[PDB]
Amino acid sequence: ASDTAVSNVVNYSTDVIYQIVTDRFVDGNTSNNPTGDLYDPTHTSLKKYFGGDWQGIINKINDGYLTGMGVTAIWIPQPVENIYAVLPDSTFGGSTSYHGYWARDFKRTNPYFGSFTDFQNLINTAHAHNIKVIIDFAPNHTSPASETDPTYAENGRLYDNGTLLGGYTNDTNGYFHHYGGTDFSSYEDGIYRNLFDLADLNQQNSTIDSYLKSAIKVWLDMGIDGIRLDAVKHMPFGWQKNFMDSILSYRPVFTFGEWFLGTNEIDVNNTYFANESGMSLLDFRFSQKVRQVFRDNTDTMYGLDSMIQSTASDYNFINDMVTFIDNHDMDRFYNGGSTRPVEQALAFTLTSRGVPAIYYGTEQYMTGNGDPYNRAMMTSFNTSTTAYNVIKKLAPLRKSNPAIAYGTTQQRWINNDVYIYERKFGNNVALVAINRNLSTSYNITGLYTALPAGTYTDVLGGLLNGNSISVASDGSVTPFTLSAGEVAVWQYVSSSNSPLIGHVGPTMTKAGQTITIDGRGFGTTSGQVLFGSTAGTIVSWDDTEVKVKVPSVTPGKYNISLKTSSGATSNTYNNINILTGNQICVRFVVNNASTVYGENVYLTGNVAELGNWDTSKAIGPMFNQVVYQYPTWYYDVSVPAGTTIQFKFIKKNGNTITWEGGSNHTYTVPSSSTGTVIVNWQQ
Ligand SMILES: OC[C@H]1O[C@H](O[C@H]2[C@H](O)[C@@H](O)[C@@H](O)O[C@@H]2CO)[C@H](O)[C@@H](O)[C@@H]1O
Ligand SMILES: [Ca+2]
Ligand SMILES: [Ca+2]
Ligand SMILES: [Cl-]
């Protein structure tokens with residue numbers, strides 16, 4: 001199988017995701033609809049179940065609507081059993097779990113979407129049509145609850161395949177956090193306090209950790225191809241790294257977290273998470289900038305290019321960034337007026353780096369500002385819209401042109417309104433020109449490109465007013481007019497390739513596990529794959545994909561390279577993390593650690609998971625407000641099972657590091673369950 005095959009579930013860079021809100025798409029079976037106040041057959045009361053289901057999605061796969069658009073993956077809401085209560089709502093009458101994010105049992109289906117057999121039908125129908133299936137999964141919480149009013153909603157009650165574990169009130173088992181609600185003011189505040197009124201799960205509780213691991217395996221065994229993890233800024237990094245290892249050790253799939261960022265928001269924790277968790281991220285930096293530039297007129301093409309360069313610098317795995325222009329929590333991209341801006345934002349996303357996701361109905365110019373107005377019933381299946389055909393023409397290029405799936409991005413021409421950028425992967429090239437100005441054209445002189453000499457036609461065939469260009473041997477492009485609102489795409493795909501790695505997945509692995517290396521020019525005869533300088537054991541070898549067993553190198557990060565059977569060496573794909581063993585989430589606690597203003601406590605120790613005594617990569621700054629209070633500090637950390645670790649705490653600020661004195665602390669990590677280790681600061 002090639003890199004582009006539907007069965008390659010650790011690489012989505014050649015795919016285009018269509019994000020479906022199941023309840024609001026197609027009602028394929030009326031008999032599974034809720035009855036009573038849960039259900040609105042008129043599709044007008046925007047927080048009720050409208051009846052959209054998995055059979056409905058199946059229908060739109062079988063009848064060619066999605067495939068005719070070039071969709072190759074779908075992302076659906078959390079498939080698990082949700083609460084049945086209808087919550088009072090002063091605007092909408094009642095509020096329901098139609099959206100899937102209010103779980104009551106992570107091991108069973110939402111019967112309104114379908115049974116496990118319906119889910120199986122969806123997976124199988126999608127695969128028969130070369131469509132991958134991603135599920136939303138929301139382990140941060142169950143459902144809306146009030147501790148003082150257990151009659152509200154279902155009091156966050158959680159079941160384990162029908163067996164009640166407990167609820168938010170009288171939580172004697174400590175399955176939930178009881179620290180009030182978050183105000184988003186700090187990382188710590190957002191993790192240990194409730195998101196809104198949602199009953200916050202205590203993943204550090206061994207029963208809950210084990211439960212969530214078991215639950216995701218139910219869905220992996222149903223044949224899912226990917227996971228969108230909800231609210232990842234609201235759970236501990238350490239717990240999620242531990243959770244990811246459980247998934248990747250069982251059957252690896254592409255996983256991407258939702259870490260919400262606002263316009264212009266900077267968050268170093270978001271960077272760290274993308275680089276270290278073992279999962280990818282929804283690209284809110286990309287999305288928010290695209291909205292500023294094309295929708296809301298608050299930045300220029302210079303800002304767009306600055307985002308492209310900054311994200312590339314910050315994120316180790318830029319080809320894994322899941323890009324989008326809107327979603328079910330944002331104002332619909334189309335907002336009235338010309339449809340050209342949304343068409344341009346689509347074209348930009350579809351030809352840019354990462355993994356494009358398109359919110360259902362974008363191709364039908366659906367409008368709606370704010371939740372739930374942005375979640376109306378799918379309006380139309382008209383296949384003649386300009387936007388539908390923009391997607392139809394551009395989506396397949398991620399499969400046919402490796403520059404688009406894997407390539408670097410270089411600015412070739414820029415002003416306030418014009419961005420001409422180049423995607424390049426070896427001798428494969430795509431050149432894209434966009435003029436956002438709807439009234440003014442620009443004269444394009446001094447343009448250069450890596451496209452070979454010749455004349456290139458617009459891949460869009462003039463759909464967005466594009467036209468042909470001529471390129472000379474020195475790369476100079478003959479002057480041309482970029483008309484108002486124009487988008488044009490020009491490309492070259494080489495007939496042969498030197499070995500080039502475009503993707504490695506998963507990025508967090510360990511000895512004996514298998515990783516997938518995708519690209520071009522590997523040849524058909526087996527060669528060598530190197531982890532640094534150490535060879536792995538080849539599982540399978542093809543020109544676009546090599547699978548390899550991870551060798552027993554010292555745990556840490558490794559740069560992957562490939563050598564063909566004739567001895568040609570590829571580029572390196574950096575920062576693949578090799579863990580020490582299967583992971584466990586351990587809460588580290590240190591007492592009596594006094595600090596000065598601006599100084600914080602960090603954890604360091606003698607395994608890769610603790611940075612191997614590297615103080616510049618010590619774990620922290622640690623927390624000291626919610627679970628324990630200063631001068632006690634704490635942090636939840638993913639560490640290798642059954643391993644005897646040595647560790648110390650350090651204090652650092654902006655100049656100078658203070659270590660604990662005395663001998664190292666030592667602790668043997670549990671074999672399977674979560675653990676807590678508590679020590680006193682040693683002078
Ligand atoms: O000619 C090489 C030059 O091309 C581009 O510069 C553009 C510039 O972006 C436009 O704003 C305008 O000034 O025309 C220039 C070409 O004459 C690239 O942006 C630049 O890096 C490159 O050196
Ligand atoms: Ca239905
Ligand atoms: Ca939480
Ligand atoms: Cl940015």
# chains A, B, ... in the order shown; residues from 1 in each chain; ligands from 1

call {"tool": "residues_around", "arguments": {"residues": "residue 253 of chain A", "least_positions_apart": "6", "cutoff": "12 Å", "atoms": "only C-alpha atoms", "output": "ChimeraX atom specification"}}
result
/A:7-12,132-135,216-217,219-221,223-228,244-247,278-280,505-508,515-516

call {"tool": "closest_atom_pairs", "arguments": {"of": "chain A", "to": "ligand 1", "cutoff": "10 Å", "atoms": "only C-alpha atoms and all ligand atoms", "output": "tab-separated table"}}
result
residue	atom	partner	partner_atom_place_in_ligand_line	distance
A:302	CA	ligand 1	9 (O)	9.7
A:410	CA	ligand 1	21 (O)	9.0
A:411	CA	ligand 1	19 (O)	6.2
A:412	CA	ligand 1	18 (C)	4.7
A:413	CA	ligand 1	9 (O)	3.7
A:414	CA	ligand 1	9 (O)	3.9
A:415	CA	ligand 1	11 (O)	4.6
A:416	CA	ligand 1	11 (O)	8.3
A:417	CA	ligand 1	11 (O)	9.7
A:418	CA	ligand 1	11 (O)	8.2
A:419	CA	ligand 1	9 (O)	8.2
A:420	CA	ligand 1	9 (O)	8.4
A:421	CA	ligand 1	19 (O)	9.3
A:442	CA	ligand 1	12 (C)	9.9
A:443	CA	ligand 1	14 (O)	8.9
A:444	CA	ligand 1	14 (O)	7.0
A:445	CA	ligand 1	17 (O)	5.4
A:446	CA	ligand 1	17 (O)	3.8
A:447	CA	ligand 1	4 (O)	5.1
A:448	CA	ligand 1	2 (C)	6.3
A:449	CA	ligand 1	4 (O)	9.5
A:476	CA	ligand 1	1 (O)	8.3
A:477	CA	ligand 1	1 (O)	9.8

call {"tool": "write_last_selection", "arguments": {"atoms": "N, CA and C atoms", "output": "tab-separated table (two decimals), in the first residue's frame"}}
result
chain	number	residue	atom	x	y	z
A	302	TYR	N	0.92	40.09	4.71
A	302	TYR	CA	2.16	40.04	5.49
A	302	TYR	C	1.96	39.26	6.79
A	410	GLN	N	7.37	28.64	0.80
A	410	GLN	CA	8.20	29.84	0.61
A	410	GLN	C	7.38	30.97	-0.01
A	411	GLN	N	7.44	32.16	0.58
A	411	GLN	CA	6.84	33.33	-0.07
A	411	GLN	C	7.62	33.66	-1.33
A	412	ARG	N	6.88	33.87	-2.42
A	412	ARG	CA	7.48	34.31	-3.69
A	412	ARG	C	7.08	35.73	-4.10
A	413	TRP	N	5.96	36.23	-3.58
A	413	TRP	CA	5.52	37.59	-3.88
A	413	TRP	C	4.52	37.98	-2.81
A	414	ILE	N	4.61	39.21	-2.33
A	414	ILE	CA	3.73	39.66	-1.27
A	414	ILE	C	3.51	41.17	-1.26
A	415	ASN	N	2.25	41.57	-1.13
A	415	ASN	CA	1.93	42.92	-0.68
A	415	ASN	C	0.74	42.85	0.29
A	416	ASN	N	0.09	43.96	0.62
A	416	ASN	CA	-1.02	43.89	1.58
A	416	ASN	C	-2.12	42.92	1.17
A	417	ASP	N	-2.37	42.84	-0.14
A	417	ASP	CA	-3.49	42.08	-0.70
A	417	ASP	C	-3.12	40.79	-1.44
A	418	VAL	N	-1.86	40.66	-1.83
A	418	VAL	CA	-1.41	39.55	-2.67
A	418	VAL	C	-0.45	38.64	-1.91
A	419	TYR	N	-0.69	37.34	-1.99
A	419	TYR	CA	0.26	36.34	-1.49
A	419	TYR	C	0.46	35.33	-2.61
A	420	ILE	N	1.71	35.23	-3.07
A	420	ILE	CA	2.10	34.14	-3.97
A	420	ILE	C	3.12	33.30	-3.22
A	421	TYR	N	2.77	32.03	-2.99
A	421	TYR	CA	3.61	31.14	-2.21
A	421	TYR	C	3.87	29.84	-2.94
A	442	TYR	N	-3.41	43.68	-9.53
A	442	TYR	CA	-2.00	43.99	-9.34
A	442	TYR	C	-1.15	43.46	-10.49
A	443	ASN	N	-0.13	44.24	-10.85
A	443	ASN	CA	0.84	43.86	-11.88
A	443	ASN	C	1.96	43.06	-11.24
A	444	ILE	N	2.09	41.79	-11.63
A	444	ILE	CA	3.07	40.91	-10.99
A	444	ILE	C	4.36	40.83	-11.79
A	445	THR	N	5.35	41.59	-11.34
A	445	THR	CA	6.69	41.61	-11.93
A	445	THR	C	7.70	41.14	-10.89
A	446	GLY	N	8.82	40.58	-11.35
A	446	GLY	CA	9.87	40.12	-10.44
A	446	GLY	C	9.55	38.82	-9.72
A	447	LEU	N	8.55	38.08	-10.21
A	447	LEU	CA	8.22	36.78	-9.64
A	447	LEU	C	9.20	35.70	-10.12
A	448	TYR	N	9.72	34.92	-9.17
A	448	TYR	CA	10.52	33.72	-9.46
A	448	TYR	C	9.86	32.47	-8.88
A	449	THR	N	10.17	31.32	-9.48
A	449	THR	CA	9.62	30.04	-9.02
A	449	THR	C	10.58	28.89	-9.32
A	476	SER	N	12.32	32.92	-13.73
A	476	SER	CA	11.56	34.16	-13.83
A	476	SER	C	10.21	33.93	-14.51
A	477	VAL	N	9.16	34.51	-13.95
A	477	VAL	CA	7.82	34.38	-14.50
A	477	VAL	C	7.49	35.63	-15.32

call {"tool": "residues_around", "arguments": {"residues": "residue 470 of chain A", "least_positions_apart": "6", "cutoff": "7 Å", "atoms": "only C-alpha atoms", "output": "mmCIF file with N, CA and C atoms, in the first residue's frame"}}
result
data_model
loop_
_atom_site.group_PDB
_atom_site.id
_atom_site.type_symbol
_atom_site.label_atom_id
_atom_site.label_comp_id
_atom_site.auth_asym_id
_atom_site.auth_seq_id
_atom_site.Cartn_x
_atom_site.Cartn_y
_atom_site.Cartn_z
ATOM 1 N N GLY A 454 8.627 26.544 -18.864
ATOM 2 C CA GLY A 454 7.446 26.152 -19.629
ATOM 3 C C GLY A 454 6.226 27.004 -19.331
ATOM 4 N N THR A 455 5.100 26.627 -19.930
ATOM 5 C CA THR A 455 3.823 27.300 -19.722
ATOM 6 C C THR A 455 2.911 26.421 -18.865
ATOM 7 N N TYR A 456 2.310 27.029 -17.846
ATOM 8 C CA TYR A 456 1.494 26.301 -16.879
ATOM 9 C C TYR A 456 0.071 26.810 -16.889
ATOM 10 N N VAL A 477 9.160 34.513 -13.946
ATOM 11 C CA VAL A 477 7.816 34.384 -14.500
ATOM 12 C C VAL A 477 7.489 35.629 -15.322
ATOM 13 N N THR A 478 7.018 35.420 -16.548
ATOM 14 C CA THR A 478 6.621 36.522 -17.422
ATOM 15 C C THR A 478 5.566 37.373 -16.698
#

call {"tool": "closest_residue", "arguments": {"among": "A:682, A:256, A:5, A:45", "to": "residue 128 of chain A", "atoms": "only C-alpha atoms"}}
result
A:5

call {"tool": "residues_near_ligand", "arguments": {"ligand": "ligand 4", "cutoff": "6 Å", "atoms": "only C-alpha atoms and all ligand atoms", "output": "PyMOL selection string"}}
result
chain A and resi 285+307+310-311

call {"tool": "atom_distance", "arguments": {"atom1": "atom CA of residue 261 of chain A", "atom2": "atom CA of residue 235 of chain A"}}
result
15.6 Å

call {"tool": "residues_near_ligand", "arguments": {"ligand": "ligand 2", "cutoff": "8 Å", "atoms": "only C-alpha atoms and all ligand atoms", "output": "ChimeraX atom specification"}}
result
/A:23,26-34,50-53,55-56,112-113

call {"tool": "residues_around", "arguments": {"residues": "residue 537 of chain A", "least_positions_apart": "5", "cutoff": "12 Å", "atoms": "only C-alpha atoms", "output": "ChimeraX atom specification"}}
result
/A:511-515,526-531,546-552

call {"tool": "residues_around", "arguments": {"residues": "residue 66 of chain A", "least_positions_apart": "2", "cutoff": "10 Å", "atoms": "only C-alpha atoms", "output": "list in words"}}
result
residues 18, 57, 59, 60, 61, 62, 63, 64, 68, 69, 70, 71, 72, 73, 74, 129, 131, 381, 383, 388 and 392 of chain A

call {"tool": "write_last_selection", "arguments": {"atoms": "N, CA and C atoms", "output": "PDB file, in the first residue's frame"}}
result
ATOM      1  N   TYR A  18     -13.680  16.302   6.140  1.00  0.00           N
ATOM      2  CA  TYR A  18     -14.971  16.978   6.143  1.00  0.00           C
ATOM      3  C   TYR A  18     -15.558  16.798   7.536  1.00  0.00           C
ATOM      4  N   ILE A  57     -25.108   9.764   7.150  1.00  0.00           N
ATOM      5  CA  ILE A  57     -23.751   9.949   6.613  1.00  0.00           C
ATOM      6  C   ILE A  57     -23.450   8.855   5.587  1.00  0.00           C
ATOM      7  N   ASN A  59     -25.516   7.382   3.674  1.00  0.00           N
ATOM      8  CA  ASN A  59     -26.241   7.730   2.447  1.00  0.00           C
ATOM      9  C   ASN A  59     -25.460   8.693   1.562  1.00  0.00           C
ATOM     10  N   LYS A  60     -24.811   9.678   2.183  1.00  0.00           N
ATOM     11  CA  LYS A  60     -24.054  10.688   1.436  1.00  0.00           C
ATOM     12  C   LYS A  60     -22.672  10.205   0.994  1.00  0.00           C
ATOM     13  N   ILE A  61     -22.218   9.084   1.559  1.00  0.00           N
ATOM     14  CA  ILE A  61     -21.022   8.407   1.054  1.00  0.00           C
ATOM     15  C   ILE A  61     -21.408   7.570  -0.167  1.00  0.00           C
ATOM     16  N   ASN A  62     -22.451   6.756  -0.010  1.00  0.00           N
ATOM     17  CA  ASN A  62     -22.904   5.869  -1.075  1.00  0.00           C
ATOM     18  C   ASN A  62     -23.381   6.609  -2.329  1.00  0.00           C
ATOM     19  N   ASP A  63     -23.998   7.776  -2.151  1.00  0.00           N
ATOM     20  CA  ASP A  63     -24.569   8.502  -3.295  1.00  0.00           C
ATOM     21  C   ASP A  63     -23.624   9.494  -3.986  1.00  0.00           C
ATOM     22  N   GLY A  64     -22.378   9.537  -3.527  1.00  0.00           N
ATOM     23  CA  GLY A  64     -21.339  10.272  -4.235  1.00  0.00           C
ATOM     24  C   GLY A  64     -21.197  11.744  -3.894  1.00  0.00           C
ATOM     25  N   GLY A  68     -17.571  13.057  -4.573  1.00  0.00           N
ATOM     26  CA  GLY A  68     -17.608  13.958  -5.730  1.00  0.00           C
ATOM     27  C   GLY A  68     -16.932  15.289  -5.454  1.00  0.00           C
ATOM     28  N   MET A  69     -16.732  15.567  -4.165  1.00  0.00           N
ATOM     29  CA  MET A  69     -16.094  16.777  -3.669  1.00  0.00           C
ATOM     30  C   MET A  69     -14.602  16.552  -3.404  1.00  0.00           C
ATOM     31  N   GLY A  70     -14.182  15.289  -3.425  1.00  0.00           N
ATOM     32  CA  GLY A  70     -12.795  14.938  -3.118  1.00  0.00           C
ATOM     33  C   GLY A  70     -12.502  14.816  -1.631  1.00  0.00           C
ATOM     34  N   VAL A  71     -13.554  14.688  -0.820  1.00  0.00           N
ATOM     35  CA  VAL A  71     -13.400  14.395   0.612  1.00  0.00           C
ATOM     36  C   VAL A  71     -12.802  12.999   0.776  1.00  0.00           C
ATOM     37  N   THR A  72     -11.758  12.873   1.599  1.00  0.00           N
ATOM     38  CA  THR A  72     -11.129  11.564   1.832  1.00  0.00           C
ATOM     39  C   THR A  72     -11.098  11.162   3.308  1.00  0.00           C
ATOM     40  N   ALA A  73     -11.681  11.999   4.161  1.00  0.00           N
ATOM     41  CA  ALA A  73     -11.801  11.703   5.582  1.00  0.00           C
ATOM     42  C   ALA A  73     -12.994  12.462   6.148  1.00  0.00           C
ATOM     43  N   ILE A  74     -13.632  11.881   7.161  1.00  0.00           N
ATOM     44  CA  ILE A  74     -14.690  12.581   7.907  1.00  0.00           C
ATOM     45  C   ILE A  74     -14.348  12.626   9.389  1.00  0.00           C
ATOM     46  N   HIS A 129     -15.110   3.377   0.171  1.00  0.00           N
ATOM     47  CA  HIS A 129     -15.013   4.568  -0.672  1.00  0.00           C
ATOM     48  C   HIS A 129     -13.748   5.391  -0.412  1.00  0.00           C
ATOM     49  N   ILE A 131     -12.509   6.599   2.329  1.00  0.00           N
ATOM     50  CA  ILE A 131     -12.704   7.664   3.311  1.00  0.00           C
ATOM     51  C   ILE A 131     -12.316   7.152   4.701  1.00  0.00           C
ATOM     52  N   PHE A 381     -27.560  19.951  -0.999  1.00  0.00           N
ATOM     53  CA  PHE A 381     -26.496  19.105  -1.550  1.00  0.00           C
ATOM     54  C   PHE A 381     -26.191  19.459  -3.009  1.00  0.00           C
ATOM     55  N   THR A 383     -24.292  20.365  -6.073  1.00  0.00           N
ATOM     56  CA  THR A 383     -22.906  20.059  -6.433  1.00  0.00           C
ATOM     57  C   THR A 383     -22.338  21.060  -7.440  1.00  0.00           C
ATOM     58  N   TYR A 388     -18.040  24.187  -3.837  1.00  0.00           N
ATOM     59  CA  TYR A 388     -17.998  22.726  -3.992  1.00  0.00           C
ATOM     60  C   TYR A 388     -16.920  22.356  -5.011  1.00  0.00           C
ATOM     61  N   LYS A 392     -13.454  20.247  -5.032  1.00  0.00           N
ATOM     62  CA  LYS A 392     -13.343  19.152  -5.995  1.00  0.00           C
ATOM     63  C   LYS A 392     -12.034  19.201  -6.800  1.00  0.00           C
TER      64      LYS A 392
END

call {"tool": "closest_residue", "arguments": {"among": "A:387, A:58, A:290, A:83", "to": "residue 352 of chain A", "atoms": "only C-alpha atoms"}}
result
A:290

call {"tool": "residues_near_ligand", "arguments": {"ligand": "ligand 3", "cutoff": "7 Å", "atoms": "only C-alpha atoms and all ligand atoms", "output": "compact mmCIF listing (two decimals) with C-alpha atoms, in the first residue's frame"}}
result
# COMPACT_ATOMS: atom_id res chain seq x y z
CA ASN A 140 -12.17 15.99 30.14
CA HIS A 141 -15.70 15.68 31.46
CA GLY A 190 -8.09 25.56 33.35
CA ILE A 191 -7.01 21.99 34.08
CA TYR A 192 -8.24 21.26 37.60
CA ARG A 193 -11.41 23.39 37.67
CA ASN A 194 -14.58 22.73 35.64
CA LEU A 195 -14.94 23.82 32.03
CA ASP A 200 -14.55 17.61 35.47
CA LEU A 201 -13.17 14.07 35.38
CA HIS A 234 -8.14 21.37 30.13
CA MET A 235 -6.38 18.12 31.03

call {"tool": "closest_residue", "arguments": {"among": "A:107, A:671, A:254, A:430", "to": "residue 504 of chain A", "atoms": "only C-alpha atoms"}}
result
A:254

call {"tool": "residues_around", "arguments": {"residues": "residue 170 of chain A", "least_positions_apart": "2", "cutoff": "12 Å", "atoms": "only C-alpha atoms", "output": "ChimeraX atom specification"}}
result
/A:146-150,155-157,165-168,172-178

call {"tool": "select_by_dssp", "arguments": {"residues": "segment 394-569 of chain A", "states": "strand (DSSP E)", "output": "PyMOL selection string"}}
result
chain A and resi 408-414+418-425+428-435+442-444+454-456+469-471+480-482+487-492+500-505+508-509+514-520+528-531+534-535+537-541+545-549+556-563

call {"tool": "closest_residue", "arguments": {"among": "A:315, A:239, A:187, A:558", "to": "residue 622 of chain A", "atoms": "only C-alpha atoms"}}
result
A:187

call {"tool": "residues_around", "arguments": {"residues": "residue 523 of chain A", "least_positions_apart": "3", "cutoff": "9 Å", "atoms": "only C-alpha atoms", "output": "list in words"}}
result
residues 498, 499, 520, 526, 527, 541, 542, 543, 544, 564 and 565 of chain A

call {"tool": "closest_residue", "arguments": {"among": "A:206, A:186, A:673, A:604", "to": "residue 617 of chain A", "atoms": "only C-alpha atoms"}}
result
A:604

call {"tool": "closest_atom_pairs", "arguments": {"of": "segment 192-295 of chain A", "to": "segment 581-594 of chain A", "cutoff": "12 Å", "atoms": "only C-alpha atoms", "output": "JSON lines"}}
result
{"residue": "A:203", "atom": "CA", "partner": "A:585", "partner_atom": "CA", "distance": 9.0}
{"residue": "A:204", "atom": "CA", "partner": "A:585", "partner_atom": "CA", "distance": 7.2}
{"residue": "A:205", "atom": "CA", "partner": "A:585", "partner_atom": "CA", "distance": 10.0}
{"residue": "A:206", "atom": "CA", "partner": "A:585", "partner_atom": "CA", "distance": 9.4}
{"residue": "A:208", "atom": "CA", "partner": "A:585", "partner_atom": "CA", "distance": 11.9}
{"residue": "A:209", "atom": "CA", "partner": "A:585", "partner_atom": "CA", "distance": 8.6}
{"residue": "A:210", "atom": "CA", "partner": "A:584", "partner_atom": "CA", "distance": 10.5}
{"residue": "A:213", "atom": "CA", "partner": "A:584", "partner_atom": "CA", "distance": 11.4}
{"residue": "A:236", "atom": "CA", "partner": "A:585", "partner_atom": "CA", "distance": 9.6}
{"residue": "A:237", "atom": "CA", "partner": "A:585", "partner_atom": "CA", "distance": 9.8}
{"residue": "A:238", "atom": "CA", "partner": "A:585", "partner_atom": "CA", "distance": 6.2}
{"residue": "A:239", "atom": "CA", "partner": "A:585", "partner_atom": "CA", "distance": 5.4}
{"residue": "A:240", "atom": "CA", "partner": "A:585", "partner_atom": "CA", "distance": 8.6}
{"residue": "A:241", "atom": "CA", "partner": "A:583", "partner_atom": "CA", "distance": 7.9}
{"residue": "A:242", "atom": "CA", "partner": "A:583", "partner_atom": "CA", "distance": 5.1}
{"residue": "A:243", "atom": "CA", "partner": "A:583", "partner_atom": "CA", "distance": 8.1}
{"residue": "A:244", "atom": "CA", "partner": "A:583", "partner_atom": "CA", "distance": 8.9}
{"residue": "A:245", "atom": "CA", "partner": "A:583", "partner_atom": "CA", "distance": 6.2}
{"residue": "A:246", "atom": "CA", "partner": "A:583", "partner_atom": "CA", "distance": 7.4}
{"residue": "A:247", "atom": "CA", "partner": "A:582", "partner_atom": "CA", "distance": 10.7}
{"residue": "A:248", "atom": "CA", "partner": "A:582", "partner_atom": "CA", "distance": 9.9}
{"residue": "A:249", "atom": "CA", "partner": "A:582", "partner_atom": "CA", "distance": 7.7}
{"residue": "A:250", "atom": "CA", "partner": "A:582", "partner_atom": "CA", "distance": 10.8}
{"residue": "A:277", "atom": "CA", "partner": "A:583", "partner_atom": "CA", "distance": 11.8}
{"residue": "A:278", "atom": "CA", "partner": "A:583", "partner_atom": "CA", "distance": 11.7}

call {"tool": "atom_distance", "arguments": {"atom1": "atom CA of residue 492 of chain A", "atom2": "atom CA of residue 451 of chain A"}}
result
6.4 Å
